[PDB]
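Asks: Quick one: this structure, given as structure tokens, is what I'll be asking you about.
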Amino acid sequence: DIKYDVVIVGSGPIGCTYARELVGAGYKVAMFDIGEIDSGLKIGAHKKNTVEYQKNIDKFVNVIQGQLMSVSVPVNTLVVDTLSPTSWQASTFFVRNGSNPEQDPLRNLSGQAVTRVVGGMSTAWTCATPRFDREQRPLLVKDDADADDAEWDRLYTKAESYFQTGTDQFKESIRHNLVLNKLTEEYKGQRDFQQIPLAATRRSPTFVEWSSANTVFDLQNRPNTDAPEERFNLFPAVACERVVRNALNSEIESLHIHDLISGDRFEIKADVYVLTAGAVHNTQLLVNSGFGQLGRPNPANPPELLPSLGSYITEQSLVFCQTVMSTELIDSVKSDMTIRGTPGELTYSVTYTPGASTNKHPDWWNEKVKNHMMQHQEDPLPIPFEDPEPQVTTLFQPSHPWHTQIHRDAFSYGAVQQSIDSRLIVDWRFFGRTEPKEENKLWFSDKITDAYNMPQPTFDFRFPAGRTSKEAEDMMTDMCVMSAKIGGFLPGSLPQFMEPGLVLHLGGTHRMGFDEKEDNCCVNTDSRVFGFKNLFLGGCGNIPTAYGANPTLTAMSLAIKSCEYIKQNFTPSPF
Amino acid sequence: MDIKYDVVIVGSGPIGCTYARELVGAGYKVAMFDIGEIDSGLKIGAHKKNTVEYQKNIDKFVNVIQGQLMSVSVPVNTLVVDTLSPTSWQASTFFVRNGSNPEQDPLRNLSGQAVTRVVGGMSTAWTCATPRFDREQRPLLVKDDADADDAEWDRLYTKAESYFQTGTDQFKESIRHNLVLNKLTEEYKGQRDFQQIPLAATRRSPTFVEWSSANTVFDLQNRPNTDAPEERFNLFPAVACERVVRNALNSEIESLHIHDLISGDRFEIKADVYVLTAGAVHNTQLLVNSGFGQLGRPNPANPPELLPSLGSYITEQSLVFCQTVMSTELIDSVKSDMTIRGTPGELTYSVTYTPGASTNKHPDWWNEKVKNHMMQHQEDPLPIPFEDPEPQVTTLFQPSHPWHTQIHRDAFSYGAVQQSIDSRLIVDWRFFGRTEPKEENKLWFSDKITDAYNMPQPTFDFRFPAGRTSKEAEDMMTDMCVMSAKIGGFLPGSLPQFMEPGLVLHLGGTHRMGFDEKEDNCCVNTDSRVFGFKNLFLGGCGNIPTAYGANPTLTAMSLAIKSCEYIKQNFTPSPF
Amino acid sequence: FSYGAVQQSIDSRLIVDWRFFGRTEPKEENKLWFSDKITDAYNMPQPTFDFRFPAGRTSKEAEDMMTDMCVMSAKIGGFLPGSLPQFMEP
Amino acid sequence: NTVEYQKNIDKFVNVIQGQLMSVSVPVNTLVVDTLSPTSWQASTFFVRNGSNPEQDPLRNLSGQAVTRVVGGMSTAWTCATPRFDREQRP
Ligand SMILES: Cc1cc2nc3c(=O)[nH]c(=O)nc-3n(C[C@H](O)[C@H](O)[C@H](O)COP(=O)(O)OP(=O)(O)OC[C@H]3O[C@@H](n4cnc5c(N)ncnc54)[C@H](O)[C@@H]3O)c2cc1C
Ligand SMILES: Cc1cc2nc3c(=O)[nH]c(=O)nc-3n(C[C@H](O)[C@H](O)[C@H](O)COP(=O)(O)OP(=O)(O)OC[C@H]3O[C@@H](n4cnc5c(N)ncnc54)[C@H](O)[C@@H]3O)c2cc1C
Ligand SMILES: Cc1cc2nc3c(=O)[nH]c(=O)nc-3n(C[C@H](O)[C@H](O)[C@H](O)COP(=O)(O)OP(=O)(O)OC[C@H]3O[C@@H](n4cnc5c(N)ncnc54)[C@H](O)[C@@H]3O)c2cc1C
């Protein structure tokens with residue numbers, strides 16, 4: 001079709017929030033994604049939701065790695081001086097293999113990467129959806145903190161519903177409670193610990209249905225039996241390239257796409273254009289469309305439109321280690337048990353007294369330990385083989401201004417090993433907040449292009465001196481101190497800062513504020529691009545503040561608010 | 001789910017899809033079970049590399065393969081970690097941990113062997129090479145009449161090739177492909193012939209190849225449907241097939257016991273015909289879990305009741321691998337027909353050729369692509385266009401070089417990524433040796449240890465046989481070193497090496513075919529029917545009883561087609 | 001020698017080293033010169049190399065010498081993993 | 001020529017590496033981007049640690065090194081003393 005009420009670029013969780021809202025409200029919606037349906041019969045669903053992946057969670061790191069394509073790889077300068085004399089040998093470090101010659105390797109976010117599949121990165125994410133407290137969060141209401149808090153509560157509540165956020169899906173994990181209780185005790189009165197809030201529904205003791213874009217909106221074309229009055233079409237393998245501005249710069253007139261299967265290019269018309277292509281690619285599509293400044297920043301000629309586009313970018317510092325559980329904590333697991341005799345032998349019985357007030361642990365815990373120690377008497381640990389992973393956090397606070405995850409999950413790194421029993425291993429990830437600075441930028445080459453023939457992204461980024469840097473190092477030390485209470489570092493996973501941007505929490509590339517000039521921003525609190533009646537941006541690129549927590553829930557909340565504007569200001573076509 | 005089908009197939013890989021395609025088409029009521037799930041988009045069982053993104057970022061596809069390959073038998077780990085904090089819990093022994101197999105001798109393993117549980121099986125990830133076996137590598141379907149035998153294999157392979165859409169033309173306009181092909185052709189001339197690797201694939205565009213898969217064989221859609229209103233097929237993903245039930249006389253299978261992994265329910269499914277296409281390892285597992293062969297560590301003093309050759313005479317290929325960096329001479333040859341004046345990057349620079357000159361070394365299409373690359377990309381120091389498709393060259397197995405060869409680029413489990421050398425220069429070398437079948441080389445199943453699906457844990461007892469297998473394997477290494485030198489020197493970091501045993505994933509002979517159970521030490525006859533059993537058939541590389549170097553799937557498909565011929569001759573489809 | 005990072009898994013009695021040494025044609029353009037600004041640890045002009053193996057005979061032989069080591073070494077044994085055939089740093 | 005080295009011959013490599021000082025090390029351009037943000041961090045690949053900025057890393061003899069001990073490299077060498085045939089000889 002040539003004409004829609006709304007077109008949405010990208011099928012990640014944020015595009016899906018606009019689809020859920022606007023498709024539900026009766027709009028003829030088209031959604032385009034440059035990537036394809038892979039994921040199974042549930043379009044855009046979490047790839048970790050297969051029996052095989054949940055039996056072999058360490059293999060999922062491979063899936064993640066296989067769909068994270070680096071944003072900007074500087075030109076390689078490794079010296080290979082052991083080629084055969086007959087082999088063709090370089091005289092210079094020329095531009096090879098997709099590298100970016102615009103990129104200073106020392107001012108990069110080398111770990112930054114993007115995913116191009118239907119459902120975006122929600123096909124592989126780790127589902128942590130905390131709310132930001134005031135300190136981390138931009139204002140949606142000026143001069144009324146209580147009204148501002150109320151608005152965010154209303155939006156986050158809906159967002160949590162859409163993602164199926166919960167804080168009890170790991171409540172009966174031994175490892176989770178083990179870690180939770182010890183940290184709760186150690187910081188008693190000083191910090192609070194809880195389960196990471198997770199966009200997930202537990203289906204069985206050994207299976208968790210992790211949420212994804214599909215959870216937000218199932219991405220099935222409509223009308224269909226289950227929604228005969230709704231109108232939605234998803235078009236995968238369509239690279240969206242430009243929004244066409246009118247000469248007056250007050251309205252978008254079309255979206256120019258490239259159908260990657262036929263190879264043909266089309267102009268799609270809509271009343272309302274929503275860009276939810278991610279924090280990098282939203283900015284890319286805007287710059288390729290005449291917003292901001294194409295090429296190396298040049299203050300001499302400021303751009304015509306959106307001069308803050310691609311400036312004030314933030315990415316979080318991330319420190320990481322893994323620990324091996326202390327003897328003391330492992331011994332405490334079986335503290336309630338009565339242990340008759342010698343394991344393997346007839347004289348082995350393991351029993352406990354349900355409800356005994358002297359017991360350190362609940363009955364659900366002892367029953368599982370007992371059963372494990374009795375079913376597996378050769379095994380030297382008291383933790384059940386199927387015990388779900390820990391999922392503990394102490395949330396960002398002024399006296400510890402970083403987000404924390406004390407957990408086990410699959411990421412692009414954490415290349416786990418086989419010599420140490422996995423039941424012993426806990427991951428530590430602390431996330432710092434980065435002050436937004438005009439000098440930190442994502443820009444796009446006016447000569448170099450990427451694999452889809454669009455302007456090559458280039459970072460110019462350093463963690464700002466002052467608070468960001470002081471905090472990041474204070475965060476490291478906090479991780480070293482806190483993790484030492486649970487066990488010592490796992491060799492091969494010693495405490496370290498991760499490559500800039502590997503954390504994938506980039507924000508502020510197309511930031512939100514109330515006033516374009518005063519707040520140095522690109523979209524207002526309805527996520528509308530300043531000056532344009534019908535152009536909206538969604539995603540973490542909107543977030544203008546220094547945040548430690550995981551941003552997606554916050555980007556979703558902004559999107560819900562955006563949709564309220566859209567619904568108030570545009571009327572659906574007749575069906 | 002019904003209680004009753006005409007045919008049930010275990011496994012939705014390309015071999016199971018061969019039985020589905022034949023049997024569904026002939027009007028049988030078919031059910032197919034796979035323990036894994038739908039994972040390749042809307043085209044069920046399709047090749048996961050058929051995305052625009054993967055074909056633009058082909059190095060990334062290694063991670064997909066690695067993510068779905070689950071190792072078969074991992075010996076207990078004895079790595080010393082002695083720098084734990086004194087507070088951390090520490091083992092006193094190297095105990096059974098993290099899924100490891102205490103049965104497995106680490107020194108007599110196929111440590112690289114791995115399986116994939118996804119609908120479409122390993123054909124969601126494979127490299128699509130589908131050569132025929134020559135007589136030397138191939139089991140006999142007709143004894144004492146080599147022309148009847150040749151005629152039967154030709155008919156079956158031709159059919160197999162249509163199902164896979166095998167061809168040898170998809171890479172014909174690649175400059176790198178032709179550069180290597182013509183060089184090796186000239187250098188060997190009259191000693192070895194070279195051609196494109198036969199590939200199960202159809203090119204869609206200059207930048208995209210639709211790799212074939214199980215889906216290409218059979219689309220895996222439930223039937224009847226608008227397209228196939230008179231066919232009957234249901235696929236049931238996430239169902240672990242556990243045992244076939246023998247009647248008391250051991251002359252028939254009475255049902256298949258399944259475990260639906262989502263609901264946890266268990267059922268006994270009844271069919272006229274039972275087909276096991278669960279792969280070389282898992283077919284054997286299922287059969288042993290059903291009282292065929294011998295459960296547990298082999299014990300010759302307790303000879304099995306049934307199928308004594310089951311899981312013996314296993315073969316797996318020796319694999320040697322390197323990469324090379326293209327010679328300066330060959331790179332200069334790419335631009336042999338060009339006239340180049342001025343200095344690159346200046347407006348006086350030009351690159352031209354004489355179209356049609358019979359003294360041109362290359363054809364016009366080549367020279368135009370070089371011209372355009374050099375004129376539009378004057379900062380680039382190489383003459384090869386950026387999106388030039390990869391080489392896909394082979395000289396097939398012959399008695400004077402008894403190994404298969406691939407001189408190509410592809411995504412495999414071990415395709416480690418380097419960025420210092422331009423990828424246009426890099427060619428992969430994979431030479432694959434044939435392994436003599438020997439009784440002592442075994443896949444067996446623990447009577448104590450179980451796998452992730454609570455089935456008997458697979459254990460290998462394998463070494464490459466002394467004598468011809470070993471001699472060839474090493475002569476194969478040398479051949480790779482000699483041939484490859486003609487194209488370029490090795491790429492540091494990919495020096496010539498034997499790969500981990502079983503990484504190549506060409507295991508055969510676990511349930512091997514022969515004419516006579518005893519005399520040929522085998523488990524199925526040439527209809528792929530299990531000896532003694534009217535209605536049990538095995539399909540897959542497990543059937544192949546010979547020493548082969550070439551990639552085995554086409555051959556197993558051809559056997560599967562023959563097997564279906566017997567089925568159609570002996571079982572009537574139920575009326576619609 | 002300076003290279004050879006020790007291994008213990010394979011019995012040393014089995015291990016044999018192969019070192020083949022090529023001859024390099026003398027070319028005027030292959031140079032050792034000394035900086036007029038940078039100095040070394042004893043305050044003398046810093047040595048600098050400008051060197052490549054000459055194309056032509058020197059390169060062709062070096063690669064044929066590689067192939068010859070692979071061919072000859074195979075008569076004695078296969079390569080030790082971790083000491084696979086390689087050109088050493090110039 | 002110590003009983004200890006000839007009983008532990010793999011350890012002699014370390015003696016060799018210990019006295020071979022590289023002749024020309026080009027300026028280092030390894031990217032270390034996981035420093036703490038509070039650590040002093042370079043804006044350029046400047047001349048560090050004895051490196052030679054005259055040296056093109058791609059036209060070097062990077063393995064060339066010298067020994068500054070009495071007896072020179074003969075304190076470490078492998079003692080192979082073949083004659084040159086005519087072809088190799090001035
Ligand atoms: C391993 C991993 C772990 C993470 N875990 C956490 C976590 O626990 N919590 C947290 O909040 N976040 C986490 N994240 C980040 C989270 O996934 C993102 O913040 C979120 O997915 C962003 O949603 P989005 O819809 O804005 O964009 P994306 O999910 O990036 O999706 C946008 C999409 O647009 C498409 N697209 C891009 N360019 C174009 C174009 N030009 N034309 C058409 N389509 C286009 C894509 O193909 C893609 O599907 C994780 C990410 C990964 C990779
Ligand atoms: C990276 C890669 C490259 C390869 N390249 C080539 C090549 O170029 N040429 C070629 O000839 N071969 C190659 N192969 C090997 C080829 O993929 C296999 O030979 C082929 O897939 C075997 O087909 P099959 O149907 O017998 O088995 P599989 O493809 O292994 O399918 C068997 C299936 O049965 C299932 N299953 C297993 N156990 C059970 C059970 N108990 N219950 C129910 N279902 C079960 C699985 O989940 C699976 O889908 C390669 C393989 C890989 C992974
Ligand atoms: C591990 C090893 C293996 C080798 N194996 C072989 C082999 O088996 N066969 C063989 O032919 N070659 C071998 N060599 C090379 C051989 O060692 C040299 O060719 C030989 O030592 C050169 O002798 P020379 O006296 O000219 O120089 P050197 O041995 O280099 O001695 C020169 C000396 O002069 C000194 N010097 C340098 N500058 C000054 C200065 N400005 N003022 C005062 N003194 C100065 C030194 O400190 C030094 O002792 C080997 C070398 C090494 C290190």
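All residue names refer to the structure tokens as shown: chains lettered A, B, ... in order, residues numbered from 1 in each chain, ligands numbered from 1 in order.
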Contacts of stretch 467-483 of chain A at 7 Å or less, counting only C-alpha atoms, minus same-chain residues fewer than 3 places along, as a PDB file with N, CA, C and O atoms, in the first residue's frame?

Replies:
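Contents of the output file selection_21.pdb:
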ATOM      1  N   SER A 317      29.430   4.052  31.890  1.00  0.00           N
ATOM      2  CA  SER A 317      30.584   3.236  32.245  1.00  0.00           C
ATOM      3  C   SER A 317      30.084   1.906  32.789  1.00  0.00           C
ATOM      4  O   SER A 317      29.070   1.867  33.470  1.00  0.00           O
ATOM      5  N   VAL A 319      31.451  -1.663  34.809  1.00  0.00           N
ATOM      6  CA  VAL A 319      32.435  -2.530  35.363  1.00  0.00           C
ATOM      7  C   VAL A 319      31.804  -3.884  35.600  1.00  0.00           C
ATOM      8  O   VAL A 319      30.613  -3.981  35.837  1.00  0.00           O
ATOM      9  N   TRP A 402      25.152   4.393  41.055  1.00  0.00           N
ATOM     10  CA  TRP A 402      25.279   3.470  39.928  1.00  0.00           C
ATOM     11  C   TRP A 402      24.201   2.441  40.045  1.00  0.00           C
ATOM     12  O   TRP A 402      23.668   2.201  41.135  1.00  0.00           O
ATOM     13  N   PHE A 430      28.118  -3.281  37.488  1.00  0.00           N
ATOM     14  CA  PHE A 430      27.786  -1.960  37.942  1.00  0.00           C
ATOM     15  C   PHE A 430      27.831  -0.933  36.808  1.00  0.00           C
ATOM     16  O   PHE A 430      28.788  -0.878  36.062  1.00  0.00           O
ATOM     17  N   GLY A 432      27.481   3.112  35.638  1.00  0.00           N
ATOM     18  CA  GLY A 432      27.677   4.482  36.011  1.00  0.00           C
ATOM     19  C   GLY A 432      26.776   5.385  35.151  1.00  0.00           C
ATOM     20  O   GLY A 432      26.339   5.003  34.097  1.00  0.00           O
ATOM     21  N   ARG A 433      26.553   6.598  35.606  1.00  0.00           N
ATOM     22  CA  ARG A 433      25.750   7.559  34.845  1.00  0.00           C
ATOM     23  C   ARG A 433      26.737   8.552  34.285  1.00  0.00           C
ATOM     24  O   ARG A 433      27.732   8.901  34.928  1.00  0.00           O
ATOM     25  N   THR A 434      26.480   8.976  33.051  1.00  0.00           N
ATOM     26  CA  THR A 434      27.383   9.859  32.332  1.00  0.00           C
ATOM     27  C   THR A 434      26.729  11.205  32.074  1.00  0.00           C
ATOM     28  O   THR A 434      25.640  11.309  31.482  1.00  0.00           O
ATOM     29  N   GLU A 435      27.395  12.247  32.518  1.00  0.00           N
ATOM     30  CA  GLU A 435      26.910  13.571  32.268  1.00  0.00           C
ATOM     31  C   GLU A 435      26.832  13.904  30.784  1.00  0.00           C
ATOM     32  O   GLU A 435      27.814  13.717  30.032  1.00  0.00           O
ATOM     33  N   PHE A 463      34.499   9.780  28.478  1.00  0.00           N
ATOM     34  CA  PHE A 463      33.762   9.925  29.686  1.00  0.00           C
ATOM     35  C   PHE A 463      34.215  11.246  30.268  1.00  0.00           C
ATOM     36  O   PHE A 463      35.413  11.453  30.478  1.00  0.00           O
ATOM     37  N   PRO A 464      33.260  12.140  30.529  1.00  0.00           N
ATOM     38  CA  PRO A 464      33.668  13.445  31.015  1.00  0.00           C
ATOM     39  C   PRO A 464      34.470  13.393  32.296  1.00  0.00           C
ATOM     40  O   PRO A 464      34.236  12.536  33.160  1.00  0.00           O
ATOM     41  N   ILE A 486      30.596 -11.858  49.001  1.00  0.00           N
ATOM     42  CA  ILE A 486      29.917 -13.086  48.490  1.00  0.00           C
ATOM     43  C   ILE A 486      30.945 -14.180  48.126  1.00  0.00           C
ATOM     44  O   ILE A 486      30.668 -15.340  48.249  1.00  0.00           O
ATOM     45  N   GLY A 487      32.096 -13.772  47.617  1.00  0.00           N
ATOM     46  CA  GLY A 487      33.236 -14.682  47.373  1.00  0.00           C
ATOM     47  C   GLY A 487      34.339 -13.973  46.594  1.00  0.00           C
ATOM     48  O   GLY A 487      34.253 -12.801  46.225  1.00  0.00           O
TER      49      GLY A 487
ATOM     50  N   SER D  36      40.408   2.934  33.605  1.00  0.00           N
ATOM     51  CA  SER D  36      39.398   3.644  34.376  1.00  0.00           C
ATOM     52  C   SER D  36      39.312   5.098  33.869  1.00  0.00           C
ATOM     53  O   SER D  36      40.303   5.659  33.486  1.00  0.00           O
ATOM     54  N   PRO D  37      38.155   5.706  33.886  1.00  0.00           N
ATOM     55  CA  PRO D  37      38.048   7.095  33.504  1.00  0.00           C
ATOM     56  C   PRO D  37      38.887   8.058  34.353  1.00  0.00           C
ATOM     57  O   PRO D  37      39.002   9.213  33.949  1.00  0.00           O
ATOM     58  N   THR D  38      39.412   7.610  35.510  1.00  0.00           N
ATOM     59  CA  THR D  38      40.181   8.539  36.357  1.00  0.00           C
ATOM     60  C   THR D  38      41.660   8.428  35.996  1.00  0.00           C
ATOM     61  O   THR D  38      42.434   9.257  36.406  1.00  0.00           O
TER      62      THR D  38
END

Asks: Given a cut-off of 10 Å, what residues near ligand 3 show up using only C-alpha atoms and all ligand atoms, put as a PyMOL selection string?

Replies: (chain C and resi 1-3+42+44) or (chain D and resi 12-13+15-17+19-20+64-83)

Asks: Hey, list the chain D side of the contact with chain C: 6 Å cut-off, only C-alpha atoms, answer as a PyMOL selection string.

Replies: chain D and resi 13+16-17+24+55+59-63

Asks: Kindly save the residues from that selection, with N, CA, C and O atoms included, as a short mmCIF file (atom, residue, chain, number, x, y, z; two decimals), in the first residue's frame.

Replies:
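File written: again.cif
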data_model
loop_
_atom_site.label_atom_id
_atom_site.label_comp_id
_atom_site.auth_asym_id
_atom_site.auth_seq_id
_atom_site.Cartn_x
_atom_site.Cartn_y
_atom_site.Cartn_z
N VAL D 13 66.06 -20.25 26.92
CA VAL D 13 65.38 -19.29 26.09
C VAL D 13 65.29 -18.01 26.83
O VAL D 13 65.41 -16.96 26.21
N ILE D 16 68.32 -16.01 26.67
CA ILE D 16 68.45 -15.39 25.36
C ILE D 16 67.58 -14.15 25.29
O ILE D 16 68.07 -13.06 24.88
N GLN D 17 66.33 -14.28 25.69
CA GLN D 17 65.36 -13.12 25.52
C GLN D 17 65.83 -11.93 26.39
O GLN D 17 65.69 -10.79 26.03
N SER D 24 64.94 -1.63 16.55
CA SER D 24 64.05 -0.52 16.21
C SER D 24 62.62 -0.92 16.44
O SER D 24 62.12 -1.82 15.72
N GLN D 55 60.54 4.87 12.40
CA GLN D 55 60.42 3.52 11.88
C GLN D 55 59.01 3.26 11.31
O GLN D 55 58.04 3.31 12.05
N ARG D 59 57.95 -1.88 7.26
CA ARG D 59 59.13 -2.03 6.42
C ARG D 59 60.31 -2.18 7.43
O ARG D 59 61.38 -1.64 7.25
N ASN D 60 60.09 -2.96 8.50
CA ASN D 60 61.03 -3.12 9.57
C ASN D 60 61.63 -4.53 9.52
O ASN D 60 61.14 -5.45 8.83
N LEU D 61 62.73 -4.67 10.21
CA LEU D 61 63.15 -5.97 10.72
C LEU D 61 62.83 -5.99 12.22
O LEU D 61 63.66 -5.78 13.07
N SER D 62 61.56 -6.18 12.54
CA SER D 62 61.13 -6.06 13.94
C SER D 62 61.82 -7.06 14.87
O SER D 62 62.02 -6.76 16.06
N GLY D 63 62.22 -8.22 14.37
CA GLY D 63 62.88 -9.20 15.24
C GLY D 63 64.33 -8.87 15.48
O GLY D 63 65.04 -9.57 16.26
#

Asks: Using only C-alpha atoms, determine which residues lie at most 6 Å from stretch 313-330 of chain B, disregarding the query and same-chain residues fewer than 3 positions distant; provide the list as an NGL selection string.

Replies: (:A and (86-88)) or (:B and (333 or 425-435 or 437-439 or 441-442 or 487-491 or 494-499 or 506-510))

Asks: Which polymer residues have any atom within 10 Å of an atom of residue B:553, counting only C-alpha atoms, with same-chain residues fewer than 3 positions away left out, as a PyMOL selection string?

Replies: chain B and resi 14-15+123+128-132+160+506+540-541+544+550+556-559

Asks: Would you pick out the contacts of residue A:44 at 8 Å or less, using only C-alpha atoms, so that residues sharing its chain but fewer than 3 positions from it are not included, and give the list as an NGL selection string?

Replies: :A and (11-12 or 37-39 or 117-120 or 122-123 or 212-214 or 218-219)

Asks: For ligand 1, collect every residue having any atom at a distance of at most 7 Å from a ligand atom (counting only C-alpha atoms and all ligand atoms); output as a count of residues only.

Replies: 51

Asks: Find the residues in chain C near chain A: any atom within 12 Å counts, using only C-alpha atoms. Write them as a ChimeraX atom specification.

Replies: /C:22,24,51-67,85-90

Asks: Give me, as a list in words, all polymer residues having an atom no more than 10 Å from residue B:153, counting only C-alpha atoms and skipping those fewer than 6 positions away in the same chain.

Replies: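 Here the qualifying residues turn out to be residues 132, 133, 134, 135, 138, 139, 140, 141, 142, 147, 159, 555, 558, 559 and 562 of chain B.
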
Asks: Find the distance between atom 25 (O, counted along the ligand's line) of ligand 2 and atom CA of residue B:236 and write it in Å to one decimal.

Replies: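 One can read the atom 25 (O, counted along the ligand's line) of ligand 2 to atom CA of residue B:236 distance as 15.5 Å.
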
Asks: Report the distance between atom CA of residue A:242 and atom CA of residue A:289 in Å, rounded to one decimal place.

Replies: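 Distance reported for this atom pair: 4.9 Å.
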
Asks: Can you tell me, as number ranges by chain, what residues are no more than 9 Å from residue B:459 when counting only C-alpha atoms, ignoring any on the same chain fewer than 6 positions away?

Replies: B: 72-74, 101, 103-105, 109, 297, 442-446

Asks: Could you tell me, as JSON, numbers by chain, which residues of chain C DSSP assigns to strand (DSSP E) when given the backbone?

Replies: {"C": [31, 32, 33, 34, 35, 36, 37, 38, 39, 45, 46, 47, 48, 49, 50]}

Asks: Since we have the selection now, will you write its residues out, keeping N, CA and C atoms, as a PDB file, in the first residue's frame?

Replies:
ATOM      1  N   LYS C  31      67.756  -0.904   3.480  1.00  0.00           N
ATOM      2  CA  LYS C  31      68.688  -0.015   4.185  1.00  0.00           C
ATOM      3  C   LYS C  31      68.578  -0.109   5.705  1.00  0.00           C
ATOM      4  N   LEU C  32      69.706   0.108   6.370  1.00  0.00           N
ATOM      5  CA  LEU C  32      69.788   0.400   7.824  1.00  0.00           C
ATOM      6  C   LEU C  32      70.279   1.811   7.842  1.00  0.00           C
ATOM      7  N   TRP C  33      69.530   2.749   8.409  1.00  0.00           N
ATOM      8  CA  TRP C  33      70.073   4.121   8.544  1.00  0.00           C
ATOM      9  C   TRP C  33      69.860   4.577   9.943  1.00  0.00           C
ATOM     10  N   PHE C  34      70.358   5.767  10.257  1.00  0.00           N
ATOM     11  CA  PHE C  34      70.397   6.267  11.609  1.00  0.00           C
ATOM     12  C   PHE C  34      69.826   7.648  11.708  1.00  0.00           C
ATOM     13  N   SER C  35      68.975   7.839  12.707  1.00  0.00           N
ATOM     14  CA  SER C  35      68.247   9.094  12.825  1.00  0.00           C
ATOM     15  C   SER C  35      69.208  10.198  13.183  1.00  0.00           C
ATOM     16  N   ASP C  36      68.918  11.396  12.672  1.00  0.00           N
ATOM     17  CA  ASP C  36      69.668  12.616  13.025  1.00  0.00           C
ATOM     18  C   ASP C  36      68.994  13.390  14.163  1.00  0.00           C
ATOM     19  N   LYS C  37      67.978  12.800  14.771  1.00  0.00           N
ATOM     20  CA  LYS C  37      67.290  13.433  15.879  1.00  0.00           C
ATOM     21  C   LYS C  37      67.066  12.466  17.061  1.00  0.00           C
ATOM     22  N   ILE C  38      66.583  11.278  16.774  1.00  0.00           N
ATOM     23  CA  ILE C  38      66.219  10.339  17.790  1.00  0.00           C
ATOM     24  C   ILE C  38      67.521   9.624  18.182  1.00  0.00           C
ATOM     25  N   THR C  39      67.706   9.371  19.475  1.00  0.00           N
ATOM     26  CA  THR C  39      68.894   8.646  19.943  1.00  0.00           C
ATOM     27  C   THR C  39      68.487   7.446  20.765  1.00  0.00           C
ATOM     28  N   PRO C  45      72.870   7.665  17.514  1.00  0.00           N
ATOM     29  CA  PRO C  45      71.808   7.803  16.540  1.00  0.00           C
ATOM     30  C   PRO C  45      70.996   6.506  16.448  1.00  0.00           C
ATOM     31  N   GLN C  46      69.699   6.667  16.450  1.00  0.00           N
ATOM     32  CA  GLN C  46      68.782   5.558  16.560  1.00  0.00           C
ATOM     33  C   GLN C  46      68.735   4.790  15.240  1.00  0.00           C
ATOM     34  N   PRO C  47      68.991   3.494  15.267  1.00  0.00           N
ATOM     35  CA  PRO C  47      68.887   2.740  14.032  1.00  0.00           C
ATOM     36  C   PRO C  47      67.434   2.628  13.554  1.00  0.00           C
ATOM     37  N   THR C  48      67.297   2.645  12.239  1.00  0.00           N
ATOM     38  CA  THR C  48      66.008   2.520  11.563  1.00  0.00           C
ATOM     39  C   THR C  48      66.225   1.605  10.341  1.00  0.00           C
ATOM     40  N   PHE C  49      65.267   0.721  10.121  1.00  0.00           N
ATOM     41  CA  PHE C  49      65.328  -0.167   8.983  1.00  0.00           C
ATOM     42  C   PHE C  49      64.333   0.301   7.949  1.00  0.00           C
ATOM     43  N   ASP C  50      64.704   0.108   6.681  1.00  0.00           N
ATOM     44  CA  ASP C  50      63.783   0.241   5.596  1.00  0.00           C
ATOM     45  C   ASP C  50      64.012  -0.994   4.784  1.00  0.00           C
TER      46      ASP C  50
END

Asks: Enumerate, in order of chain and increasing residue number, the residues of stretch 303-402 of chain A with an atom no farther than 7 Å from stretch 183-195 of chain A, each with its shortest atom pair and distance in Å to one decimal, counting only C-alpha atoms, as JSON lines.

Replies:
{"residue": "A:391", "atom": "CA", "partner": "A:195", "partner_atom": "CA", "distance": 5.5}
{"residue": "A:392", "atom": "CA", "partner": "A:195", "partner_atom": "CA", "distance": 4.6}
{"residue": "A:393", "atom": "CA", "partner": "A:193", "partner_atom": "CA", "distance": 5.5}
{"residue": "A:394", "atom": "CA", "partner": "A:193", "partner_atom": "CA", "distance": 4.5}
